[PDB]
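This is structure25.cif. It holds mmCIF, C-alpha atoms.
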```
data_structure
loop_
_atom_site.label_atom_id
_atom_site.label_comp_id
_atom_site.auth_asym_id
_atom_site.auth_seq_id
_atom_site.Cartn_x
_atom_site.Cartn_y
_atom_site.Cartn_z
CA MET A 1 111.17 57.09 -48.25
CA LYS A 2 112.45 53.70 -46.87
CA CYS A 3 110.95 53.96 -43.31
CA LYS A 4 107.53 52.16 -43.45
CA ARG A 5 107.43 52.97 -39.67
CA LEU A 6 107.41 56.70 -40.59
CA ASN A 7 104.75 56.16 -43.32
CA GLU A 8 102.15 54.28 -41.17
CA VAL A 9 102.49 56.75 -38.22
CA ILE A 10 102.01 59.69 -40.73
CA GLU A 11 98.80 57.77 -41.80
CA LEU A 12 96.86 57.80 -38.40
CA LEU A 13 99.17 59.71 -35.94
CA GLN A 14 99.66 62.68 -38.41
CA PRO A 15 97.49 65.31 -36.37
CA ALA A 16 98.83 64.02 -32.97
CA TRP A 17 102.54 64.43 -33.99
CA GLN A 18 101.70 67.86 -35.59
CA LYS A 19 100.66 69.01 -32.06
CA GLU A 20 104.25 68.15 -30.88
CA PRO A 21 106.64 67.64 -33.96
CA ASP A 22 109.77 68.61 -31.88
CA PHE A 23 110.06 65.04 -30.54
CA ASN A 24 111.65 62.45 -32.93
CA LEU A 25 109.99 59.24 -34.30
CA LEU A 26 110.80 57.05 -31.23
CA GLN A 27 110.76 60.10 -28.83
CA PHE A 28 107.10 61.12 -29.55
CA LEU A 29 106.15 57.41 -29.72
CA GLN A 30 107.74 56.63 -26.29
CA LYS A 31 105.84 59.61 -24.81
CA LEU A 32 102.35 58.43 -25.94
CA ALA A 33 103.28 54.73 -25.24
CA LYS A 34 104.42 55.36 -21.61
CA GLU A 35 101.19 57.45 -21.09
CA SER A 36 99.34 54.27 -22.34
CA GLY A 37 101.30 52.35 -19.62
CA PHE A 38 103.66 50.43 -21.98
CA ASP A 39 105.40 47.54 -20.08
CA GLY A 40 108.31 47.15 -22.55
CA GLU A 41 110.97 49.68 -23.69
CA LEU A 42 110.60 51.98 -26.78
CA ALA A 43 113.57 50.15 -28.44
CA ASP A 44 111.17 47.11 -28.56
CA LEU A 45 107.99 49.26 -29.19
CA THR A 46 106.23 47.52 -32.15
CA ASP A 47 104.58 49.80 -34.82
CA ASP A 48 101.49 47.54 -34.42
CA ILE A 49 100.87 49.10 -30.94
CA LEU A 50 101.06 52.79 -32.09
CA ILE A 51 99.03 52.37 -35.29
CA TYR A 52 96.24 50.40 -33.50
CA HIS A 53 96.22 53.05 -30.66
CA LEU A 54 95.87 56.10 -32.98
CA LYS A 55 93.29 54.22 -35.17
CA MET A 56 91.07 53.85 -32.03
CA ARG A 57 90.74 57.68 -31.74
CA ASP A 58 90.54 57.92 -35.61
CA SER A 59 87.57 55.48 -35.72
CA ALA A 60 86.01 57.40 -32.75
CA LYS A 61 85.07 60.08 -35.42
CA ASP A 62 82.43 57.57 -36.72
CA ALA A 63 81.91 54.06 -35.18
CA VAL A 64 79.48 51.53 -33.53
CA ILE A 65 80.17 53.29 -30.15
CA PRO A 66 76.85 54.45 -28.40
CA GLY A 67 78.12 57.99 -27.61
CA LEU A 68 81.20 56.34 -25.96
CA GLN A 69 84.17 58.13 -27.65
CA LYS A 70 86.73 57.24 -24.91
CA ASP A 71 89.99 59.24 -25.38
CA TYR A 72 91.88 59.51 -22.05
CA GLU A 73 92.65 63.26 -21.73
CA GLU A 74 96.05 63.93 -20.06
CA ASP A 75 96.48 67.10 -17.96
CA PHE A 76 99.77 67.90 -19.77
CA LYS A 77 98.72 71.58 -19.20
CA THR A 78 99.20 70.93 -15.42
CA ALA A 79 102.76 69.54 -15.99
CA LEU A 80 103.46 72.35 -18.52
CA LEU A 81 102.61 75.37 -16.26
CA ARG A 82 104.26 73.49 -13.33
CA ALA A 83 107.53 73.16 -15.33
CA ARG A 84 107.71 76.54 -17.23
CA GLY A 85 110.85 78.42 -18.45
CA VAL A 86 112.67 75.30 -19.74
CA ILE A 87 113.13 75.22 -23.57
CA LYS A 88 110.89 72.10 -24.17
CA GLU A 89 108.08 72.99 -21.62
#
```
Could you write out this structure as structure tokens?
Amino acid sequence: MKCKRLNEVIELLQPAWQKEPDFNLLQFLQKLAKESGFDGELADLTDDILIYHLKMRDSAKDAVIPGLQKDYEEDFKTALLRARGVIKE
């Protein structure tokens, strides 16, 4: 309702967060931000960063790009099978 932060992330980040909805607003955001190599802390993480980031991969569906999609695939599968058994992995 009153969280414009929630609204704009559910605009472009909607599919991404539906792959991992267990993490909270700042918890999912701090994950993807630290994988982007965020220098600041998530308590200072501006919505401008997230929205711009998820719009890059959104515009990759149809853009000026000459076959160059560019979406840095994490081997979370590696970390996942390496962890195993724990409730969240």
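Relative to atom CA of residue 6 of chain A, atom CA of residue 41 of chain A is found at 18.6 Å.
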Fill in the blank from the handout: Between atom CA of residue 10 of chain A and atom CA of residue 25 of chain A lies a distance of 10.3 Å
Exercise for the section: Please evaluate the PyMOL selection byres ((chain A and resi 31) around 12) against the structure above and give the resulting residues as a PyMOL selection string. Expected result: chain A and resi 16-17+20+23-30+32-38+41-42+45+50+74+76
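Of the residues under consideration (A:43, A:71, A:89, A:22), A:71 shows the shortest atom-to-atom contact distance to residue 56 of chain A when counting only C-alpha atoms.
The set of residues that the PyMOL selection byres ((chain A and resi 54) around 10) takes from this file is residues 9, 11, 12, 13, 14, 15, 16, 32, 49, 50, 51, 52, 53, 55, 56, 57, 58, 59 and 60 of chain A.
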Practice task
Tell me, in Å to one decimal, how far atom CA of residue 61 of chain A is from atom CA of residue 8 of chain A.
Solution key: 18.9 Å
What are the centre and edge lengths in Å, to one decimal, of the axis-aligned box around all listed atoms of segment 30-42 of chain A with 3 Å added on each side, as AutoDock Vina command-line options?
```
--center_x 105.2 --center_y 53.4 --center_z -23.2 --size_x 17.6 --size_y 18.5 --size_z 13.2
```
Rebuild segment 54-85 of chain A to N, CA and C atoms - output it as a PDB file, in the coordinates of the input, please.
```pdb
ATOM      1  N   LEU A  54      96.267  54.847 -32.325  1.00  0.00           N
ATOM      2  CA  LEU A  54      95.870  56.100 -32.980  1.00  0.00           C
ATOM      3  C   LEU A  54      94.639  55.872 -33.894  1.00  0.00           C
ATOM      4  N   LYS A  55      94.466  54.622 -34.376  1.00  0.00           N
ATOM      5  CA  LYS A  55      93.290  54.220 -35.170  1.00  0.00           C
ATOM      6  C   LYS A  55      92.026  54.128 -34.307  1.00  0.00           C
ATOM      7  N   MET A  56      92.190  53.840 -33.002  1.00  0.00           N
ATOM      8  CA  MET A  56      91.070  53.850 -32.030  1.00  0.00           C
ATOM      9  C   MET A  56      90.396  55.235 -31.976  1.00  0.00           C
ATOM     10  N   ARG A  57      91.229  56.286 -31.851  1.00  0.00           N
ATOM     11  CA  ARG A  57      90.740  57.680 -31.740  1.00  0.00           C
ATOM     12  C   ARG A  57      90.330  58.216 -33.128  1.00  0.00           C
ATOM     13  N   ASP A  58      90.904  57.623 -34.204  1.00  0.00           N
ATOM     14  CA  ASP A  58      90.540  57.920 -35.610  1.00  0.00           C
ATOM     15  C   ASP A  58      89.132  57.383 -35.935  1.00  0.00           C
ATOM     16  N   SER A  59      88.859  56.152 -35.490  1.00  0.00           N
ATOM     17  CA  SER A  59      87.570  55.480 -35.720  1.00  0.00           C
ATOM     18  C   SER A  59      86.488  56.048 -34.791  1.00  0.00           C
ATOM     19  N   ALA A  60      86.916  56.708 -33.689  1.00  0.00           N
ATOM     20  CA  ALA A  60      86.010  57.400 -32.750  1.00  0.00           C
ATOM     21  C   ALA A  60      85.219  58.542 -33.439  1.00  0.00           C
ATOM     22  N   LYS A  61      85.750  59.046 -34.579  1.00  0.00           N
ATOM     23  CA  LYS A  61      85.070  60.080 -35.420  1.00  0.00           C
ATOM     24  C   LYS A  61      83.712  59.565 -35.942  1.00  0.00           C
ATOM     25  N   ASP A  62      83.651  58.251 -36.247  1.00  0.00           N
ATOM     26  CA  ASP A  62      82.430  57.570 -36.720  1.00  0.00           C
ATOM     27  C   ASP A  62      82.582  56.057 -36.509  1.00  0.00           C
ATOM     28  N   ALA A  63      81.817  55.491 -35.551  1.00  0.00           N
ATOM     29  CA  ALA A  63      81.910  54.060 -35.180  1.00  0.00           C
ATOM     30  C   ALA A  63      80.598  53.532 -34.570  1.00  0.00           C
ATOM     31  N   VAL A  64      80.625  52.243 -34.160  1.00  0.00           N
ATOM     32  CA  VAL A  64      79.480  51.530 -33.530  1.00  0.00           C
ATOM     33  C   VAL A  64      79.177  52.098 -32.124  1.00  0.00           C
ATOM     34  N   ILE A  65      80.206  52.727 -31.515  1.00  0.00           N
ATOM     35  CA  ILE A  65      80.170  53.290 -30.150  1.00  0.00           C
ATOM     36  C   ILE A  65      78.885  54.127 -29.847  1.00  0.00           C
ATOM     37  N   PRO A  66      78.109  53.763 -28.771  1.00  0.00           N
ATOM     38  CA  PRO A  66      76.850  54.450 -28.400  1.00  0.00           C
ATOM     39  C   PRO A  66      77.136  55.729 -27.581  1.00  0.00           C
ATOM     40  N   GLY A  67      77.712  56.737 -28.257  1.00  0.00           N
ATOM     41  CA  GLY A  67      78.120  57.990 -27.610  1.00  0.00           C
ATOM     42  C   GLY A  67      79.453  57.871 -26.860  1.00  0.00           C
ATOM     43  N   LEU A  68      79.991  56.638 -26.747  1.00  0.00           N
ATOM     44  CA  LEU A  68      81.200  56.340 -25.960  1.00  0.00           C
ATOM     45  C   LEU A  68      82.463  56.523 -26.822  1.00  0.00           C
ATOM     46  N   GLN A  69      82.941  57.777 -26.915  1.00  0.00           N
ATOM     47  CA  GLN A  69      84.170  58.130 -27.650  1.00  0.00           C
ATOM     48  C   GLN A  69      85.395  57.435 -27.021  1.00  0.00           C
ATOM     49  N   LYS A  70      85.617  57.754 -25.725  1.00  0.00           N
ATOM     50  CA  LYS A  70      86.730  57.240 -24.910  1.00  0.00           C
ATOM     51  C   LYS A  70      88.085  57.665 -25.517  1.00  0.00           C
ATOM     52  N   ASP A  71      88.636  58.780 -25.023  1.00  0.00           N
ATOM     53  CA  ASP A  71      89.990  59.240 -25.380  1.00  0.00           C
ATOM     54  C   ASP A  71      90.594  59.896 -24.134  1.00  0.00           C
ATOM     55  N   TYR A  72      91.438  59.139 -23.403  1.00  0.00           N
ATOM     56  CA  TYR A  72      91.880  59.510 -22.050  1.00  0.00           C
ATOM     57  C   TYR A  72      92.724  60.801 -22.084  1.00  0.00           C
ATOM     58  N   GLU A  73      92.069  61.918 -21.728  1.00  0.00           N
ATOM     59  CA  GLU A  73      92.650  63.260 -21.730  1.00  0.00           C
ATOM     60  C   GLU A  73      93.694  63.400 -20.605  1.00  0.00           C
ATOM     61  N   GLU A  74      94.954  63.622 -20.996  1.00  0.00           N
ATOM     62  CA  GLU A  74      96.050  63.930 -20.060  1.00  0.00           C
ATOM     63  C   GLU A  74      96.033  65.416 -19.705  1.00  0.00           C
ATOM     64  N   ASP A  75      96.257  65.726 -18.416  1.00  0.00           N
ATOM     65  CA  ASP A  75      96.480  67.100 -17.960  1.00  0.00           C
ATOM     66  C   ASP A  75      97.970  67.457 -18.133  1.00  0.00           C
ATOM     67  N   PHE A  76      98.417  67.461 -19.402  1.00  0.00           N
ATOM     68  CA  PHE A  76      99.770  67.900 -19.770  1.00  0.00           C
ATOM     69  C   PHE A  76      99.921  69.401 -19.479  1.00  0.00           C
ATOM     70  N   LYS A  77      98.786  70.147 -19.560  1.00  0.00           N
ATOM     71  CA  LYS A  77      98.720  71.580 -19.200  1.00  0.00           C
ATOM     72  C   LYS A  77      99.202  71.803 -17.756  1.00  0.00           C
ATOM     73  N   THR A  78      98.777  70.906 -16.834  1.00  0.00           N
ATOM     74  CA  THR A  78      99.200  70.930 -15.420  1.00  0.00           C
ATOM     75  C   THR A  78     100.728  70.825 -15.300  1.00  0.00           C
ATOM     76  N   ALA A  79     101.297  69.800 -15.966  1.00  0.00           N
ATOM     77  CA  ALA A  79     102.760  69.540 -15.990  1.00  0.00           C
ATOM     78  C   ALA A  79     103.530  70.678 -16.686  1.00  0.00           C
ATOM     79  N   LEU A  80     102.866  71.323 -17.654  1.00  0.00           N
ATOM     80  CA  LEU A  80     103.460  72.350 -18.520  1.00  0.00           C
ATOM     81  C   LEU A  80     103.667  73.663 -17.740  1.00  0.00           C
ATOM     82  N   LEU A  81     102.582  74.142 -17.086  1.00  0.00           N
ATOM     83  CA  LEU A  81     102.610  75.370 -16.260  1.00  0.00           C
ATOM     84  C   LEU A  81     103.439  75.161 -14.981  1.00  0.00           C
ATOM     85  N   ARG A  82     103.485  73.894 -14.516  1.00  0.00           N
ATOM     86  CA  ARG A  82     104.260  73.490 -13.330  1.00  0.00           C
ATOM     87  C   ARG A  82     105.764  73.528 -13.639  1.00  0.00           C
ATOM     88  N   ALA A  83     106.141  73.101 -14.864  1.00  0.00           N
ATOM     89  CA  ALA A  83     107.530  73.160 -15.330  1.00  0.00           C
ATOM     90  C   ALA A  83     107.916  74.623 -15.606  1.00  0.00           C
ATOM     91  N   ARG A  84     107.530  75.132 -16.806  1.00  0.00           N
ATOM     92  CA  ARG A  84     107.710  76.540 -17.230  1.00  0.00           C
ATOM     93  C   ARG A  84     109.203  76.956 -17.343  1.00  0.00           C
ATOM     94  N   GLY A  85     109.517  77.818 -18.321  1.00  0.00           N
ATOM     95  CA  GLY A  85     110.850  78.420 -18.450  1.00  0.00           C
ATOM     96  C   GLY A  85     111.833  77.580 -19.251  1.00  0.00           C
TER      97      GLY A  85
END
```
